[PDB]
Structure formats: structure tokens, C-alpha cells
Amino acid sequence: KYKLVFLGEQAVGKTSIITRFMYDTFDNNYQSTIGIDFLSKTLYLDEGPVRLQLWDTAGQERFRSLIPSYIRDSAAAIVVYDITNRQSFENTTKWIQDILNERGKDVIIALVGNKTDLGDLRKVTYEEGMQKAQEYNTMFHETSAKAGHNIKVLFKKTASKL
């Protein structure tokens, strides 16, 4: 079993990405919520099966004292932002630092730009996201939980190198 924690500002798409991967579905009528959740899934890689334990967190500032417990013992950490929201992107550094403080080098980190189906509303370029990821040597991906685009490769890459 490997603990994968999802971090990021409220409403960027953490719950939706997780749902998309778990049941390959999307709630088009889903109106943002506050809460935490745990879900695990087994992925079969051309090397053997890998059990993943996904932690869906609550990123609002009022829950900051819970961050250490979110990240503790994690094998991987996904920092998610919204490509249409500049402020959610500016906060990625904060989340990446929380990860480094708590786990140092013993964790795989991935930076994800979500909501790629709203390209017309993009406020953060792919370039910017990629540079941030390169600054901290993390993985970089842009996804769309709504359309269900480029999400499976994210979990496959994490489950493979970990």
C-alpha cells in the first residue's frame, strides 16, 4: 500500500480528479464541498500490482493545522491547481514546501494543472506550470476531470516509480 495525498486550494478539482480516476465519472452538477475522504485502488502494472491509498484533503486556510497529518508518511504527493485561477497556482509553492518539510527526499511529487477543457479561460500557461515543476524536480501534468483527459497517465506514472 502507498499513500498518495492530494493537496491544493479549494475548488481546483482534487475531489473531481480522484473521482474521475476511481469511477471514470464526473458530476457535472457537483457544487463544491468541504470535507476529507479516503479511497484506495489497485493498479496492475506490467511488473506487478500496486495498491494506492488516496487521501482527499481540505485545503482552506482554516484547516492548516491538519496539513502535517495529511502529508505524514506519504509515498507521493499531488499538488493541484486550476489553470483558470492564478491564485491557486501561486499557492503551489506553499504546498510543495509543506511536502518537502515533512518528507524531504522520501516522496514522489507531482504538479497538476486541472480544468484543461476551459482553455479559453486559461490564466496560467503550460510553460509556467512546467517551469515551476522543473524548479523542484517534480512531475508535471495538465488534466481535465470534466472531459476525462490525461488523468490515467498521472496515476500510472506515480504507481510505477514508487
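Each residue number is its position in the shown sequence, starting from 1.
Per-stretch averaging of Cα B factors for 23-31 and 51-59 places 23-31 on top. Higher mean CA B-factor, judged across 150-158 and 137-145 from the recorded values: 150-158. Taking the PDB entry at face value, the top CA B factor among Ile99, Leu121, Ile67, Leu111 belongs to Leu121. Of the candidates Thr125, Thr42, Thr93, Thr116, it is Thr42 whose Cα B-factor is highest according to the PDB record.
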